[PDB]
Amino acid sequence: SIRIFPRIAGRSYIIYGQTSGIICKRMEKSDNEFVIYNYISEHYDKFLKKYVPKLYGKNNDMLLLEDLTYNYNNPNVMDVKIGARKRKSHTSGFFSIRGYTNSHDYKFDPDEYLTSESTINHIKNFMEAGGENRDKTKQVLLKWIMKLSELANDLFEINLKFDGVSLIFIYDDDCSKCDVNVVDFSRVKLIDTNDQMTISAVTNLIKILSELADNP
């Protein structure tokens, strides 16, 4: 009938598609997420190809989207808001961890403002549930760093304010493959410059992840 999707964060009605590899996200407030997908498609298709989950189509108010967790045996997922919050400063300065797999088990609260110490430990907690193998964690961090690097670089040439967008970090329990993608275009806007706020979010995450990958 209807299988509801294991969101890691956010408020939206998201369900498994009737078919493999798809989730349906309801647009609650407006069709702005759909208008923005189609804008990015026409003006920046390379950005869409590399970083954004595929939009397969629309069914009334629902978006048929690529399930990012589909190709994984045991996904571990972390949602980090890197674009500006509606009102409210970021819980970790330049970004906000909205949640992660097993966050309850480390008494993570999305409203708690965090020192640089807490922030790092919460990312380390995210890495624990697979991790263990010291240098499968390095390979996961380094592959995330590789992609966020290209993303931070590519953002300089993109005239959008990425208000409210998130990074979805995934890795498998048996620390093989991993990925990070940009999601949630519902409050994204056109502007005549780049988004220095969102760039600082990504560069800061790159800094934090590099520190963990170098850590002995």
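Throughout, rigid core stands for the largest set of C-alpha atoms superposing within 1.5 Å between the two forms. One-based numbering along the sequence shown.
- Once the structures in 8 other deposited structures of this protein are superposed via the core, the pair 130 to 138 and 80 to 88 is resolved in favour of 130 to 138 as the more displaced stretch (C-alpha RMS).
- Between 173 to 181 and 63 to 71, the higher mean Cα B-factor belongs to 173 to 181.
- Legend: mean Cα B-factor per stretch from the PDB entry, 44 to 52 versus 145 to 153; the higher mean is in 44 to 52.
- Residues shown: 86, 138, 122, 81. Highest C-alpha temperature factor in the entry: 86.
- Residue 212 sits in the lowest third of its chain by CA B factor, as recorded in the PDB entry.
- Annotation for residue 28: CA B-factor lies in the highest third of the chain's modelled residues.
- Ranked by Cα temperature factor within the chain, residue 127 sits in the middle third according to the deposited record.
- Ranked by C-alpha B-factor against the other modelled residues of its chain, residue 166 falls in the lowest third.
- Annotation for residue 92: CA B-factor lies in the middle third of the chain's modelled residues.
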